[PDB]
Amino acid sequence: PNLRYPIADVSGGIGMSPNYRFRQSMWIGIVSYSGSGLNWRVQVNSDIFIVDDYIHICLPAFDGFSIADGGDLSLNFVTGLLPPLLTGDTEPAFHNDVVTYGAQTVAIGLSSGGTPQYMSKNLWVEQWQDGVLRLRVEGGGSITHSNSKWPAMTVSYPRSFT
(Lines of atoms letter the chains of each structure in order from A and count residues from 1; the text may use other names and numbers.)
(Lines give C-alpha, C1' and ligand atoms only; values in the text may rest on other atoms or scores of the structure.)
Protein backbone atom coordinates (compact mmCIF):
# COMPACT_ATOMS: atom_id res chain seq x y z
CA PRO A 1 0.00 0.00 0.00
CA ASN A 2 1.02 3.62 0.60
CA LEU A 3 4.21 4.02 2.62
CA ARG A 4 5.35 7.01 4.67
CA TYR A 5 9.01 7.72 5.42
CA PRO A 6 10.85 6.28 7.29
CA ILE A 7 8.71 3.31 6.18
CA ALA A 8 9.70 2.66 2.57
CA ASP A 9 10.17 -0.06 -0.02
CA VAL A 10 13.15 -2.25 0.91
CA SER A 11 13.96 -4.82 -1.81
CA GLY A 12 10.30 -5.10 -2.73
CA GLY A 13 9.02 -5.20 0.84
CA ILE A 14 7.80 -3.06 3.70
CA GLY A 15 10.91 -2.11 5.65
CA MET A 16 12.88 0.69 7.29
CA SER A 17 14.63 3.21 5.05
CA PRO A 18 18.44 2.89 5.29
CA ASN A 19 18.60 6.69 5.08
CA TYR A 20 16.66 6.87 8.35
CA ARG A 21 18.90 4.24 9.96
CA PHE A 22 22.19 5.94 9.03
CA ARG A 23 23.12 9.16 7.24
CA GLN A 24 26.55 10.81 7.15
CA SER A 25 27.34 14.46 6.43
CA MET A 26 29.92 17.15 7.16
CA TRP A 27 30.04 20.71 8.44
CA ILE A 28 32.78 23.30 7.87
CA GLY A 29 31.88 26.53 9.62
CA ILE A 30 32.39 29.03 12.43
CA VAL A 31 32.13 28.16 16.11
CA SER A 32 31.71 31.44 18.01
CA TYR A 33 32.28 31.90 21.74
CA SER A 34 30.35 34.58 23.64
CA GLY A 35 31.18 35.18 27.29
CA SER A 36 30.95 38.14 29.66
CA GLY A 37 32.69 40.66 27.43
CA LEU A 38 34.61 37.94 25.56
CA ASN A 39 34.11 37.04 21.89
CA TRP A 40 36.18 34.89 19.55
CA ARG A 41 35.66 32.73 16.47
CA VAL A 42 37.07 29.40 15.31
CA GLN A 43 36.73 27.50 12.05
CA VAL A 44 36.01 23.78 12.45
CA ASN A 45 35.44 20.74 10.23
CA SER A 46 32.84 18.55 11.93
CA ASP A 47 31.45 15.14 11.06
CA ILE A 48 27.66 14.85 11.18
CA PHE A 49 25.81 11.59 11.81
CA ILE A 50 22.03 11.19 11.63
CA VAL A 51 20.86 7.93 13.21
CA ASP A 52 17.13 7.25 13.63
CA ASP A 53 15.61 10.47 15.06
CA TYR A 54 18.92 11.76 16.45
CA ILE A 55 21.59 14.02 14.98
CA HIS A 56 25.20 13.79 16.18
CA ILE A 57 27.56 16.72 15.67
CA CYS A 58 31.05 15.27 16.10
CA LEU A 59 33.19 18.30 16.81
CA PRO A 60 36.95 17.71 16.89
CA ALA A 61 39.32 19.41 19.30
CA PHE A 62 39.76 23.14 18.67
CA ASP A 63 41.71 25.92 20.37
CA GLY A 64 40.20 29.27 21.33
CA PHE A 65 40.87 32.23 23.59
CA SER A 66 39.68 33.59 26.95
CA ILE A 67 36.41 32.21 28.30
CA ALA A 68 34.15 33.45 31.07
CA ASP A 69 32.93 31.36 33.99
CA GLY A 70 29.59 31.32 32.18
CA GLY A 71 29.34 31.56 28.41
CA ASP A 72 27.92 30.05 25.25
CA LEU A 73 29.22 28.32 22.13
CA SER A 74 27.33 28.88 18.87
CA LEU A 75 27.41 26.76 15.72
CA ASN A 76 26.18 28.55 12.58
CA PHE A 77 24.61 25.98 10.25
CA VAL A 78 23.24 28.57 7.81
CA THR A 79 26.28 27.78 5.66
CA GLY A 80 28.90 25.04 5.66
CA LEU A 81 26.81 21.87 5.49
CA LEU A 82 27.74 19.40 2.77
CA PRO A 83 24.82 18.98 0.26
CA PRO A 84 22.19 17.65 0.14
CA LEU A 85 22.00 18.29 3.89
CA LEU A 86 20.32 21.65 4.53
CA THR A 87 20.27 24.03 7.49
CA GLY A 88 16.73 22.99 8.39
CA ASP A 89 17.95 19.41 8.79
CA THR A 90 19.82 20.47 11.94
CA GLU A 91 16.67 21.78 13.67
CA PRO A 92 15.84 19.75 16.81
CA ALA A 93 12.51 18.10 17.52
CA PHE A 94 11.88 20.73 20.21
CA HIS A 95 12.46 23.41 17.52
CA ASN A 96 13.57 26.78 18.99
CA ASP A 97 12.56 25.95 22.57
CA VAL A 98 14.96 26.76 25.39
CA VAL A 99 16.03 23.43 26.90
CA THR A 100 18.86 21.91 28.94
CA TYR A 101 19.40 18.78 26.85
CA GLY A 102 22.44 16.51 26.73
CA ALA A 103 24.18 18.11 29.70
CA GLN A 104 27.71 16.73 29.90
CA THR A 105 30.96 17.56 31.65
CA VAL A 106 33.67 18.95 29.36
CA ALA A 107 37.28 19.53 30.46
CA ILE A 108 38.77 22.68 28.93
CA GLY A 109 42.44 23.50 29.42
CA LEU A 110 43.09 27.15 30.23
CA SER A 111 46.56 28.61 29.79
CA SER A 112 48.45 31.86 29.23
CA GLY A 113 50.89 30.20 26.84
CA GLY A 114 52.27 27.81 29.46
CA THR A 115 51.12 24.42 30.67
CA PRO A 116 47.30 24.43 30.70
CA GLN A 117 45.17 23.81 33.76
CA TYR A 118 42.02 21.84 33.00
CA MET A 119 38.66 23.09 34.27
CA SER A 120 35.61 20.81 34.30
CA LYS A 121 32.88 22.84 32.61
CA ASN A 122 29.19 21.97 32.23
CA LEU A 123 27.88 21.88 28.65
CA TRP A 124 24.33 21.36 27.36
CA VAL A 125 22.24 22.13 24.31
CA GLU A 126 20.15 25.21 25.03
CA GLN A 127 18.56 26.52 21.85
CA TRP A 128 18.52 26.29 18.06
CA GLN A 129 17.26 29.44 16.35
CA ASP A 130 17.46 30.44 12.68
CA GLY A 131 20.08 27.80 11.96
CA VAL A 132 22.35 28.53 14.95
CA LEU A 133 22.74 25.88 17.66
CA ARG A 134 23.72 27.40 21.02
CA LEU A 135 25.59 25.36 23.63
CA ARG A 136 25.90 26.60 27.21
CA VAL A 137 29.29 26.35 28.94
CA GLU A 138 29.36 27.30 32.62
CA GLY A 139 30.58 26.18 36.03
CA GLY A 140 33.83 24.78 37.33
CA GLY A 141 35.49 28.08 38.15
CA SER A 142 38.15 29.84 36.14
CA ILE A 143 41.71 31.16 36.18
CA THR A 144 43.50 34.02 34.48
CA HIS A 145 44.15 32.82 30.95
CA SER A 146 44.47 33.98 27.36
CA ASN A 147 43.94 30.66 25.55
CA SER A 148 41.48 27.79 25.92
CA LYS A 149 42.07 24.18 24.86
CA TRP A 150 38.79 22.61 23.88
CA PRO A 151 38.42 18.83 23.69
CA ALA A 152 36.64 16.90 21.01
CA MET A 153 32.96 17.16 21.91
CA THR A 154 30.02 15.27 20.41
CA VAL A 155 26.71 17.17 20.58
CA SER A 156 23.57 15.08 20.08
CA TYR A 157 19.87 15.90 20.18
CA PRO A 158 16.58 14.70 18.64
CA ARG A 159 15.99 15.78 15.05
CA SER A 160 12.78 17.41 13.85
CA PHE A 161 10.75 15.44 11.31
CA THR A 162 7.55 17.48 10.91
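A residue's number is simply how far along the shown sequence it sits, counting from 1.
**Student:** Which wins on mean Cα temperature factor, 80-88 or 67-75?
**Tutor:** Averaging CA B-factors over each stretch, the winner is 80-88.
**Student:** Would you tell me which stretch averages the higher CA B-factor in the PDB entry, 120-128 or 106-114?
**Tutor:** Comparing 120-128 with 106-114, the higher average CA B-factor belongs to 106-114.
**Student:** Taking the C-alpha B-factors as the PDB entry records them, is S32 in the lowest, middle or highest third of its chain?
**Tutor:** According to the entry, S32 has a C-alpha B-factor in the chain's lowest third.
**Student:** Relative to the other modelled residues of the same chain, rank the CA B-factor of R134 and answer lowest, middle or highest third.
**Tutor:** Ranked within chain, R134 CA B lands in the lowest tercile.
**Student:** Lowest, middle or highest third: where is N45 by Cα B-factor in its chain?
**Tutor:** According to the entry, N45 has a C-alpha B-factor in the chain's lowest third.
**Student:** Quick check for you: using the entry's CA B-factors within this chain, is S142 in the lowest, middle or highest third?
**Tutor:** Answer is highest: the recorded C-alpha B-factor places it there.
**Student:** Can you tell me whether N39 has a C-alpha B-factor in the lowest, middle or highest third compared with the other modelled residues of the same chain?
**Tutor:** Its C-alpha B-factor belongs to the middle third of this chain's values.
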